[PDB]
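One structure below.
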Amino acid sequence: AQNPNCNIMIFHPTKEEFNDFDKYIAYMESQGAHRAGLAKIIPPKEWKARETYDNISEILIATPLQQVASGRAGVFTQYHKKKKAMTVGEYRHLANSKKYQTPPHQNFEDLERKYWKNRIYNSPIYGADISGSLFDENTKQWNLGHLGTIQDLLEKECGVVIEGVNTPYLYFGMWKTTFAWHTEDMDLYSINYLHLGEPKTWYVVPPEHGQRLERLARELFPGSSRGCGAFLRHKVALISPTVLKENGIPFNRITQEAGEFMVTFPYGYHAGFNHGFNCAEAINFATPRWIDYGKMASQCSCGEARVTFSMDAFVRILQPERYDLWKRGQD
Ligand SMILES: O=C(O)CNC(=O)C(=O)O
Ligand SMILES: [Mg+2]
Ligand code: NI
Ligand SMILES: [Zn+2]
């Protein structure tokens, strides 16, 4: 068995190996990358996502979200408070202000300590889930707006044509902006490219151990757990690495820098934070190996999780017994 300790693997494809996306994901899996739940891909030195980032200030963040925490430093939830619209230029200025800027620090490890110690006492503002792309249309390799669609994958594997579309999303982050513990919708893969700015630290639980994290979460968030059998789908709960270690939950951590891709694998729980002003792009995707995960994915039917139009067909076709109850939660 490849990668039996479920360590996060880092890949350095050549320009020739960067041509065929599907083939390279399958190569990474042949080496056991999926066992970690997360992999890093450093693009060949010849590659670029676009020529420059000098002209992105007029992008609009229609609904910036202030991330307000409740709980204790290591075990907290966050809610999102909607703020007034601002441009990327305005947001970048805010991120760099004395109220929100990254503090002085020695290294990534010192910054991680400061995050976990102090996150709950501040409410950073995140520009999330903005439909769009920063890849140049002429970038032919690993362009997140030109991937094969999950609808076409389900049709190729299962023979059924379905409605829906699959497009990327932009994330503009600042110091302490936070992504809560989750897997993807329908336990899909995700791919994330850090276009510019400061790093993003990730934590991940190997897929084979995801139920251990779920059990701890039910213990640590007991009201939430009573309200919904799949409440991590709400994307609001944070658990620190110190707490995970104290409770014997297997996990790994890695920092992604600008110009690097991360891939999350089916049923790989992940969480993390941004180091300072940055812009990432991400999208879900599928492979043939995903289908069995899609069939078994938990669902939130309490009404909180509320998801895209395109998840309907995945539930309908892969989870027909669940469909009626899940759709009630959507309505
Ligand atoms: O970058 C973020 O805020 C969160 N991204 C992801 O969870 C992802 O790419 O799967
Ligand atoms: Mg612009
Ligand atoms: Ni994710
Ligand atoms: Zn729910």
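Just so you know, the numbers here start at 1 and follow the chain as drawn.
If you're wondering, the header gives X-ray crystallography, 1.6 Å.
Cβ atoms here come from the backbone N, Cα and C positions, even for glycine.
Listed in Swiss-Prot:
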| type | residues | note |
| --- | --- | --- |
| BINDING | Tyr126, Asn192, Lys200, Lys235 | 2-oxoglutarate binding site |
| BINDING | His182, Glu184, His270 | Fe cation binding site |
| BINDING | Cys228, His234, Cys300, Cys302 | Zn(2+) binding site |
| DOMAIN | 8-50 | domain 'JmjN' |
| DOMAIN | 136-302 | domain 'JmjC' |
| MOD_RES | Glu16 | polyADP-ribosyl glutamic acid |
| MOD_RES | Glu17 | polyADP-ribosyl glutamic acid |
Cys228 (Zn(2+) binding site) versus recorded positions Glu16, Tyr126, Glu184, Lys200 - nearest by Cα: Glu184
Residues within 8 Å of the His182, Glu184, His270 Cβ centre (excluding the Fe cation site residues themselves): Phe179, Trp181, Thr183, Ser190, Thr264, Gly268, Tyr269
Contacting recorded positions, sequence order - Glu17, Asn192, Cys302 vs ligand 1, Cβ under 6 Å: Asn192
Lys235 (2-oxoglutarate binding site): tally of other CB atoms within 10 A of its CB: 17
For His182 (Fe cation binding site), the three-state class that DSSP assigns: strand
Greatest C-beta neighbour count within 10 angstroms, which of the recorded positions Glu16, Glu17, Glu184: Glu184
Candidates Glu17, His234, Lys235 (recorded positions) - the one closest to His182 (Fe cation binding site) by CA: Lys235
Cβ neighbours of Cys228 (Zn(2+) binding site) where a neighbour is any other Cβ within 10 Å: 19
Under 8 Å by Cβ from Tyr126 (2-oxoglutarate binding site), same chain, sequence gap 6 or more: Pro64, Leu65, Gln67, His80, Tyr171, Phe172, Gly173, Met174, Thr177, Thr178
Residues satisfying Cβ distance under 8 Å from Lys200 (2-oxoglutarate binding site), sequence separation of at least 6: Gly173, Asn192, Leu194, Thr255, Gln256, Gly272, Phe273, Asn274, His275, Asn278, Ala280
